[PDB]
Structures are given as C-alpha cells and as structure tokens.
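Take a look at the structure below.
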Amino acid sequence: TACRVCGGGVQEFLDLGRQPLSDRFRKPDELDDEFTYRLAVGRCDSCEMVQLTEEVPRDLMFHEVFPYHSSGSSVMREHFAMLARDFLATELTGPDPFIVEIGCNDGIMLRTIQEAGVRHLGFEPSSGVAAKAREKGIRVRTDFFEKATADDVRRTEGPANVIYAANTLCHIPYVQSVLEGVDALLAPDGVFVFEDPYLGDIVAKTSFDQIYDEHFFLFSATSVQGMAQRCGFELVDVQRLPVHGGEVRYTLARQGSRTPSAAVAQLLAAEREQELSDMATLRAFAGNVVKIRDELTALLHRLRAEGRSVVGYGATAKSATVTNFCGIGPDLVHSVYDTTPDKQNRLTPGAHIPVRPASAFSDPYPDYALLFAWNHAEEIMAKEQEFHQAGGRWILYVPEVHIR
Ligand SMILES: Cc1cn([C@H]2C[C@H](O)[C@@H](COP(=O)(O)OP(=O)(O)O[C@@H]3C[C@](C)(N)C(=O)[C@@H](C)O3)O2)c(=O)[nH]c1=O
Ligand SMILES: Nc1ncnc2c1ncn2[C@@H]1O[C@H](CSCC[C@H](N)C(=O)O)[C@@H](O)[C@H]1O
Ligand SMILES: [Zn+2]
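Going by full-length UniProt numbering, the letters in the sequence shown line up with residues 11 to 414, in that order.
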C-alpha cells in the first residue's frame, strides 16, 4: 500500500475486517446486499501518516443521500459559531474578505459568515445537506473541493483569506489534490485551517470506532507538519478541541509567511516523548482494541442472559465499526435511537439493528443504553435525565467498557 501523502510504504497495525459503508441506512424491506471493503489501518514509513489501506470511492460515501446533519448537535452549533466569529475578528478583517469552507454540510459554520455579510463559498458535494445550507442563504457549490474546482473558484472569485475544513480533510485520500487546490486558491497571506479527530486521543482512549470508511487519515501534529512541509506550507498553529472524542485544529500558512506558535513545537515534543506514532504504540492500541471488543461482547451477552434489555443511542457512522467488528446485532441491542429523520425507520449497516426516533426512547425505558454517540455524552445525557432517574443506565466502551 503506498502512502497517499508521500508515496512511502504503509505498514498495517490493525485489521477491522470486512465493513459496510458506515453511512448507508437501508429500509427494512431492502435486499440485504451491501458494498463491503476491508477496513485496516497502517502508518507510512516515511512521513508517519496513519491512514487506511483501502479507499472507498468518494461517490459511494458522499452523494445525494449522505445522511449526516451537522446541526443536529447544540454543542457543535455553538462550537462552529464561535469559530466563525473568531475568523471574522482576525483573518477576515480586510476589505472584501473571502472564506471557502470544504465540507460545509448544512451550513453549521457558514451561516455565521453569511449573517456577517462576508463573501463566502461552501463546497458540499452531498446535495441533500447542501440544500439545507442554501436554504439559510449560504452560497454553496455541490462539488468536491480538489485541484480543478479550486482552480475554477480562484479564476472567478479570486483568492480566499481563509480556507476551512472541519471533519472533512481526514475523509479525503486525495489530500495532495486538495493541497494543490489550497495552493491555487489561498491568498499569499491566508491560512488553511482544518480540524479532525486526533491520533493522540484515539490512542489514549482506544476509540477505534473513529476508524471507518469516511476516516481515511488519523492526523497527528507530526504527520500534518510533514504533509504541510512537503507541499510548501507550514504548520503554524495547533489547538486541541474536545469535540468528536478529541481533535486538533491545525493552521497551515505558506512556508515562512508566519512564525509558528509555541504550541506547535510543544505538541510535537509531547508526541515524540510519548512515542505516539511509533509502530509499537500503534500495535499496543490494536491490542487494546481487541480487549474492548471482548469485554463489550462479554457484557452484552451477560446482560441478555440476565434478562436485561439493551438498546443503543446514536446511529453514528462510528457505530458501524463497533457492531461489525464486534458482531453485535439486534439479538443483543434491539434498537438504536437517533434524531436524524432520514436514519429513522431504517436498519444500521452490516448489523441491521432497527433505528427509531429518539422521541421513542421514553417510559417504559430499557434497562441499558449502549452509547454510540459517546462524543455527545454531555449533551445527550442532559436531555435524557428521566431515563437515568428511572434506573436506566448507560453502557460506554470509551475509554473502557463500563456502565454508569
Ligand atoms: C447530539 C445528538 C446526536 N444524536 C444522533 C445524531 C447523529 O446521528 C448521531 C451523532 O453522530 P456524530 O457522533 O455527531 O457523528 P458520526 O459518528 O455519525 O460521524 C458523522 C460522519 C462523518 C462525517 N464521517 C464525521 O466525521 C462526523 C462529523 O459525522 O447521534 C442524537 O440522536 N441525539 C443527540 O442529542
Ligand atoms: N472533497 C470534498 N470537498 C468538500 N466537501 C467534501 C469532500 N469530500 C467530502 N465532503 C463533505 O464533507 C462533509 C463531512 S461531514 C462534516 C461537516 C461539517 N464541516 C462538520 O464538521 O460537522 C460531508 O458533508 C461530505 O459531503
Ligand atoms: Zn507518507
């Protein structure tokens, strides 16, 4: 397998087996045929980039029925509004500033830009969520960001002061074409800013459910610094974020155009000191993955033997990896509750557990809820105090299998 960043050799450390598309939710009547692929992860020999060993073609994941609605979380709505206000106070202060977002989804970040009257453009090749952004008055192009479409936007709209991508850069194997696009489009003094699940968090929390079709790369500061450098950019800031199980926001500028924050060198030194991307650490993570599988299925089977009911909460893309690697289906977890209309009255991929509206998670409550949306624990548990007061308990499997 050749590294998608630098062409070095990729060495596998974890094999999650055959997996379905994480975001495809079938009607119960649909034939049980699904596209599958081998999900496994390795680390490049030369640049330390951790990445999957099989690419799922983009069109199979992102398209008119891609289901994820960013705005379905109040935490994430606030998180992106604040980001947007931060950009409007700093990088977008010129005359006629321009910001491009890669992956704007339903307009969770760009609405704030639009409301500020700032010129902007979102790339959103999944047309269903693209439409929701256009309804809020956001300018959206229903296309993938890549070298050529970036060219097209530079030609017609001029340079962007800011190009931003959240939970999207790590989804793109063709990151070199994206970087070529960023080079063509970004102002000489602008910044390309992206935030994605952080390898450090994944390793410390054993959060293997962060590994699935749409997550091609598990970025670290070490590997991003390398990938930037090789394309003529430089990692000039890093910021850790608690969202989505733990992320880093990376800020790239043209090389030497700005001085790197002390936070960059410090995070690098921490990564180096903790041997984050050494093959041995990544293998130890893989070993911990198997322990979590074993403990979780032992728990679920015990619950069933003791006549306790178990449902799941959150029909996450992440959960596809849990249910398929661990072999958890409707016999162990009878339903999954979720707020996304187009995931309701469907079956989860691979495991085929029925998905029901969260409004259906109500008295009489099940004994246990397996919390797939564990990155949303605070927000969800706050809305579900009655469940816990009634005696229902949460099953978590990050960072360890435990009930509370
Ligand atoms: C907050 C809340 C959520 N829910 C439901 C809504 C969603 O279906 C799901 C959470 O999905 P959530 O962890 O945010 O992303 P997922 O892992 O799917 O990941 C998806 C896919 C993708 C692009 N690859 C990615 O990285 C992220 C950004 O999004 O859980 C409730 O029911 N009640 C609630 O109160
Ligand atoms: N090459 C590309 N350019 C632009 N958007 C892309 C892309 N490849 C995938 N996407 C979009 O990336 C999005 C990832 S979902 C993340 C959305 C949002 N920024 C958030 O953080 O919540 C999906 O809507 C998907 O269609
Ligand atoms: Zn590499």
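In this text, a Cβ means the ideal position worked out from N, Cα and C, and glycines have one as well.
Residue from the options with nearest C-alpha to residue i
i, options, result
"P376", "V346, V320 and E388", "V320"
"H386", "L209, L93, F397 and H254", "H254"
"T261", "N334, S230, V332 and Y347", "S230"
"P169", "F335, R129 and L278", "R129"
"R14", "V192, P77, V185 and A238", "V185"
"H89", "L196, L309, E22 and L251", "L251"
"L406", "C180, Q395 and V332", "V332"
"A400", "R414, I413 and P374", "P374"
"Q21", "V274, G52 and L309", "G52"
"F335", "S369, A272 and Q220", "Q220"
"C16", "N115, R164 and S233", "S233"
"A280", "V299, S187, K37 and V248", "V248"
"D162", "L131, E145, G147 and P183", "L131"
"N115", "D153, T103 and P107", "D153"
"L102", "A197, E145 and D39", "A197"
"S187", "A238, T269 and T166", "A238"
"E145", "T100, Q124 and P270", "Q124"
Whether residue i touches residue j by CB criterion (8 Å)
i, j, result
"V408", "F227", "no"
"residue 416", "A176", "The requested residue 416 does not occur in the structure, where the chain is confined to residues 11 to 414."
"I118", "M86", "yes"
"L120", "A143", "yes"
"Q29", "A330", "yes"
"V172", "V203", "yes"
"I302", "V411", "yes"
"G324", "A383", "yes"
"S136", "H73", "yes"
"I338", "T307", "yes"
"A50", "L62", "yes"
"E44", "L31", "yes"
"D199", "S267", "yes"
"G297", "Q265", "no"
"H79", "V139", "yes"
"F23", "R293", "yes"
"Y378", "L278", "no"
"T350", "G82", "yes"
Residue environment, residue i, which counts as buried when at least 16 other CB atoms sit within 10 Å
i, result
"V75", "exposed"
"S372", "exposed"
"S287", "buried"
"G317", "exposed"
"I212", "buried"
"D348", "buried"
"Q235", "buried"
"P207", "buried"
"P105", "exposed"
"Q395", "exposed"
"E285", "exposed"
"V300", "exposed"
"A272", "exposed"
"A315", "exposed"
"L309", "buried"
Nonlocal neighbours in the same chain, by C-beta distance under 6 Å from residue i, ignoring five residues either side
i, result
"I112", "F133, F155, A175 and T178"
"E190", "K157"
"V66", "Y47 and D223"
"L98", "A126"
"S217", "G255 and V408"
"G322", "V343, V346, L380 and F382"
"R34", "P359"
"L209", "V60, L228 and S230"
"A160", "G191, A194 and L195"
"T326", "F382 and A383"
"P340", "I363"
"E305", "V411"
"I413", "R403 and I405"
"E64", "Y47 and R48"
Close beta carbons around residue i, own chain, < 8 Å, minus the five adjacent residues each side
i, result
"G18", "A12, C54, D55, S56 and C57"
"residue 3", "Residue 3 lies beyond the range of the chain shown here (11 to 414); nothing can be said about it."
"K215", "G255, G256, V408 and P409"
"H311", "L342"
"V365", "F35, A325, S345, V346, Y347, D348, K353, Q354, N355, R356, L357 and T358"
"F397", "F371, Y375 and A379"
"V274", "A231, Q235, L245, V246, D247 and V248"
"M289", "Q21, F23 and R53"
Chain-order list of residues whose beta-carbon lies under 7 Å from that of residue i (same chain, five-residue window excluded)
i, result
"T122", "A91, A94 and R95"
"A263", "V201, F243, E244 and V246"
"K37", "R356"
"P77", "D33, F35, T350, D352 and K353"
What does the shell around ligand 3 hold, if a residue joins when its beta-carbon is under 5 Å from any heavy atom? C13, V15, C16, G18, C54, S56, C57 and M59
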